[PDB]
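Architecture at a glance
Each chain is listed here by its residues.
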Amino acid sequence: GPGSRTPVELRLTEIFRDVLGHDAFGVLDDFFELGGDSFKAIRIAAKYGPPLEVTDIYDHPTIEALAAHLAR
């Protein structure tokens, strides 16, 4: 699909490319290596809403890992 393969991963991907200002990445790429930080994590968590939080991104720093986490 549009840069990913499930609706949960697409929802993450969309907000990741909106906050970072670029779309030069895939589902296994570390957020903080793509240019993320605490302030960018706040912006994603606010845009996604529940269940996502800032600390979940530090625990799960990829689209793949966050989709696995949030599905529980």
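Residues numbered from 1 in each chain as written, not as in the entry; some residues may be left out. Heavy atoms only, no water.

The deposited coordinates derive from solution NMR.

The PDB entry lists the protein under the name Non-ribosomal peptide synthetase, putative, with Burkholderia thailandensis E264 given as the organism. This entry appears in the Protein Data Bank under the title "Solution structure of sulfazecin NRPS holo-PCP domain 3".

**Considering the overall build of the protein**
Scanning the protein from N- to C-terminus turns up 4 helices and 0 strands. Ordering the α and β elements of the protein from the N terminus gives α-α-α-α. For the protein, the spread of C-alpha atoms along the principal axes amounts to about 30 × 30 × 20 Å. Across the 72 residues in the protein, those meeting the buried criterion constitute 39%. Taking as baseline every contact in the protein between residues at least 6 positions apart, the subset at least 24 positions apart corresponds to 47%. Split by element, the accessible area of the protein, about 4,100 Å² in all, is 56% carbon and sulfur. Averaging the positions of the 7 positive and the 12 negative side-chain charges in the protein gives two centres separated by 6 Å. (Helix = DSSP H or I, 4+ residues; strand = E, 2+ residues; numbered from the N terminus. Buried < 20%, exposed > 50% of the residue type's maximum accessible area, 1.4 Å probe, protein only. Contact = heavy atoms within 4.5 Å. Areas by Shrake-Rupley, 256 points an atom, 1.4 Å probe, with all protein chains shown as cover. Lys, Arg positive; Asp, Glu negative; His and termini not counted. Charge placed at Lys NZ, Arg CZ, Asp CG, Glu CD.)

**Things to note about the packing of aromatic side chains**
One pass over the structure, following the stated rule, counts 3 aromatic pairs. A ring pair is formed by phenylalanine 32 and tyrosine 58, whose centres lie 4.4 Å apart and whose planes are at 25°; its orientation type is stacked. Of this pair, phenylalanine 32 sits in the loop between helix 1 (7-20) and helix 2 (38-48) while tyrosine 58 sits in helix 3 (residues 54-59), placing them 26 residues apart in sequence. The exposure class of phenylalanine 32 is partly exposed, given its relative accessible area of 26%. By relative accessible area, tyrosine 58 is classed as partly exposed at 45%. The structure contains a cluster of three or more aromatic residues connected by ring pairs, namely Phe16, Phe31, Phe32 and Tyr58. If you follow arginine 11 out to its NZ or CZ, it ends over the ring of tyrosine 48, 5.5 Å from the centre. (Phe/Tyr/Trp six-rings, centres within 6.5 Å; stacked < 30°, edge-to-face > 60°. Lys NZ or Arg CZ within 6 Å of the ring centre and 35° of its normal.)

**Quick notes on the pattern of salt bridges**
All told, the structure shown has 6 salt bridges when counted by the stated rule. A salt bridge links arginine 5 to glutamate 64; its shortest N-O distance comes to 2.8 Å. With a gap of 59 residues between them, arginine 5 in the segment before helix 1 and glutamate 64 in helix 4 (residues 63-70) connect regions that are remote in the sequence. When its relative accessible area of 56% is taken as the criterion, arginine 5 is described as exposed. Relative accessible area serves as the criterion here: at 33%, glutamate 64 is assigned to the partly exposed category. (Salt bridge = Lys/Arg side-chain N within 4 Å of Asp/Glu carboxyl O.)

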